[PDB]
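Before any questions on how it binds or moves, here is one chain, the form deposited in one PDB entry, in structure tokens.
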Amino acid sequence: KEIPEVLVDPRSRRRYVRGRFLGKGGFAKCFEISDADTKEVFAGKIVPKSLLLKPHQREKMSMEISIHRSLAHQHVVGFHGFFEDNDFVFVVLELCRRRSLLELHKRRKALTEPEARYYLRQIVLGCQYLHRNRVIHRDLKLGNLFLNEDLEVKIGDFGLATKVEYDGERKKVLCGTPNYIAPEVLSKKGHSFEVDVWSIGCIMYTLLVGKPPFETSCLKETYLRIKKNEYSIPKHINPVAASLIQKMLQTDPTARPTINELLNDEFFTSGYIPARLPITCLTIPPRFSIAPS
């Protein structure tokens, strides 16, 4: 059961030429695809229905599309549309030519402070948007934080995302295994927006330190350390940065800042935030010099 060379949406009469294989995001296989008329290039996420035999699995895909289609923001992956034939589900998404923060992290390890500040701000701005629209992502991690040609961050993969339907709703189910998973989820006693602030906590730690805060050889031992709040921040991290991390990584979800407080932290308001980064920043640390020489 093999994937067509040209992807035809019958409703909109659009045709997409399947270009280069980008990789396998879970069930899906992703390709560079291009609209035959405009030649505009997108990421095509193609999932075979042979892996969607169970209603539960179908319901999750429908939910992901439902959530993601409703979203439009500078720091959220553009959802351009979706369609399906008897064999496949096709989702047409904003292409992010510079991959994700995971691949950045693997090249550069710990970032410089102004880089972190730069990316974190964009991460926060997109998450503010999600939260304003009553959406919790629930799996914010480096691999889901994509980068376009100008190194702007775009939040993707809404496969674990959920809608808060009513005020003070505490979700008690999360079908999935988030990476930077919050202690309320692991204890399994209900959760909401603060799950994403925890994840942003871990992301900020990873970006500045060069490894994740609760890492071990065993996933269960890692979950153990999250329960006990067992991490520590290196001495060389500046106290303003360290303090913000500490605020975000509290076991009590009610103690963490909300998403809208974050940009007002000293960390942002009293440090250098570059307006943009050069492409060299994928490979070489920037000195942020005051004039060419």
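Note that residue numbering begins at 1 and tracks the sequence as displayed.
On average the C-alpha atoms of 224 to 232 have higher B-factors than those of the other stretch, with 60 to 68 and 224 to 232 being the two compared.
Stretches 17 to 25 and 269 to 277 differ in mean CA B factor, with 17 to 25 having the higher one. For the set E113, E94, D87, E103, the PDB entry assigns the largest Cα B-factor to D87. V164: CA B factor lies in the middle third for its chain, per the PDB record.
Remark: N144 belongs to the lowest third of its chain, ranked by C-alpha B-factor as recorded.
In this PDB entry, the Cα temperature factor of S187 sits in the top third of its chain's modelled residues, the highest group. Ranked against the other modelled residues of its chain, the C-alpha B-factor of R170 as given in the entry falls in the highest third. Among the modelled residues of its chain, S217 has a C-alpha B-factor that falls in the highest third, as given in the PDB entry.
Not on display, but discussed next: the form deposited with a partner chain bound.
Within 4.5 Å of any heavy atom of its partner chain in the deposited bound form lies no heavy atom of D167.
The closest non-hydrogen atom of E64 lies beyond 4.5 Å of its partner chain in the deposited bound form.
Though the partner is left out of this view, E32 does reach within 4.5 Å of its partner chain in the deposited bound form, counting heavy atoms only. The closest heavy atom approach of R20 to its partner chain in the deposited bound form falls within 4.5 Å. Checking 106 to 114, 68 to 76, 122 to 130, 192 to 200 against its partner chain in the deposited bound form, the stretch whose residues place heavy atoms within 4.5 Å of it is 106 to 114.
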